[PDB]
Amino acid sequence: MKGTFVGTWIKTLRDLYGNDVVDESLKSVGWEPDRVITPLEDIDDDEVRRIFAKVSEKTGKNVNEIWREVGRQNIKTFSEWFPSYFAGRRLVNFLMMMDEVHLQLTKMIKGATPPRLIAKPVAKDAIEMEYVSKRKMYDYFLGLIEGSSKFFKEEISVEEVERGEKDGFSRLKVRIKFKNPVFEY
């Protein structure tokens, strides 16, 4: 994973659980709590897992709940960094462009493997969106959806339809219902 994003995650963990909890967890992995994450570096997926596992241990919070909350908070951060994706858009449009955004933002990186986030209309007031990734970040995905709803101040209902692994990929399909219509033309 990329550095300052994970850096973002770590910052969020500090806000939720305190500096003490986070410092120790970073220390348990061989980091200095005040280690600088450079603007370019990349941090391994498996060290992230270990960090989150330790924060879970020390807070008693299940790691899936922690990921969900990190996802909910992360949307705000992405609005600081990529304001154009948020400006002048409604929630439905925002969610519908996510698959492309993740391709566009990683296409320059050798060996990149972004999540796929394909969405399509399934009713006049609803989309189905499918998470597809080797990383199995199901709760982060769901949390990001919830955080988007909060950020845009547009209420939604989210129903999980399918979950599981296939072809070496994790997949999670949800149906998202918007409060008033969005696919009538």
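The first residue of the sequence shown is number 1, and the count goes up from there.
Looking at mean Cα B-factors across 70-78 and 87-95, the upper value is held by 87-95.
Annotation for 175-183 versus 3-11: the higher mean temperature factor (C-alpha) is found in 175-183. Sorting 139, 34, 146, 57 by the CA temperature factor given in the entry leaves 34 at the top. Residues shown: 156, 126, 129, 29. Highest C-alpha temperature factor in the entry: 29. Per the deposited record, the Cα B-factor of residue 120 falls in the highest third when ranked against the other modelled residues of its chain.
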